[PDB]
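# Geometric and topological summary
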Amino acid sequence: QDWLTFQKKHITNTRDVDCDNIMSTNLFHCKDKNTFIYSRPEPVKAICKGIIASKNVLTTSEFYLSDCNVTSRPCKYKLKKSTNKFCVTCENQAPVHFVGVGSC
């Protein structure tokens, strides 16, 4: 919804995200999937450099991603690691919404 919240939801300083803990918090409410980006925040903000009006933008480089994907047991997850580009909505030169993996 905004860059402060995007960071909390989508930027990780570990590839080994503690899915079963974090996905259960009020930030996610045990939803099916969330993509975490293993990166410092500056390179991630910089995806949106010079993009002011709301626009979906695909990363120029691949990143290390960790997906928490729900198992058959509600709020219990598998961590799926991938290396890929991803797309975000840029508003006011910052990511405010995670669009998808691989493309916009």
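Residues numbered from 1 in each chain as written, not as in the entry; some residues may be left out. Heavy atoms only, no water. Residues with missing side-chain atoms left out of burial classes, pairs and counts.

Per the PDB record, this model was obtained through X-ray crystallography at a reported resolution of 1.900 Å.

### Digging into the overall build of the chain
Looking only at helices and strands, one finds 3 helices and 7 strands in the chain. Order of helices (α) and strands (β) in the chain, N terminus to C terminus: α-β-α-β-α-β-β-β-β-β. A compact globule built from 104 residues should have a C-alpha radius of gyration of about 13 Å, and the chain, at 13 Å, falls within 12% of that. Based on the C-alpha atoms only, the size of the chain along its principal axes is roughly 40 × 25 × 20 Å. In the chain, 64% of the contacts between residues at least 6 apart in sequence involve partners at least 24 apart. (Helix = DSSP H or I, 4+ residues; strand = E, 2+ residues; numbered from the N terminus. Rg over C-alpha atoms; globule rule 2.2 N^0.38 Å. Contact = heavy atoms within 4.5 Å.)

### Focus: the UniProt feature "binding site: substrate" in the chain
Under the present numbering, the feature "binding site: substrate" in UniProt falls on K31, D32, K33, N34 and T35. Assignment of secondary structure puts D32 in the loop between α2 (19–22) and β2 (33–38). Within the secondary structure, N34 is located in strand β2. On the accessibility criterion, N34 (5% relative accessible area) is buried. When near neighbours in sequence (up to four residues on either side) are disregarded, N34 contacts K9, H10, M23, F28, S66, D67 and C68. (UniProt positions renumbered as here; feature names shortened; annotations may be inferred. Buried < 20%, exposed > 50% of the residue type's maximum accessible area, 1.4 Å probe, protein only.)

### Some words on the sheet that holds strand β7 (residues 94–101)
The strand order across the open sheet formed by 3 strands is β3-β6-β7, and the pairing between neighbours is antiparallel. Single-partner strands in this sheet number two, and they are β3 (55–58) and β7. Sheet twist, expressed as the mean angle between neighbouring strand axes with direction ignored, is 30°. Pairing analysis gives 6 bridges linking strand β6 (residues 86–91) to β7, with the strands arranged antiparallel. Each residue of the ladder has a partner; that of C87, found in β7, is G100. Seen against the sheet, helix α1 (residues 3–10) touches β6 and β7 and runs at an angle of roughly 40° to β7. (Pairing = 2+ DSSP bridges. Axes fitted to C-alpha atoms, helices over the stretch in contact; angles between N-to-C directions.)

### Details of unusual backbone geometry
For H29, which is not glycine, the phi dihedral falls at a positive 50°. Tracing the sequence through the fold places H29 in the loop between α2 and β2. With a relative accessible area of 57%, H29 lands in the exposed category. If you check the backbone angles, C75 has positive phi at about 65° while not being a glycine. Mapping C75 onto the fold places it in the loop between β4 (63–70) and β5 (77–84).

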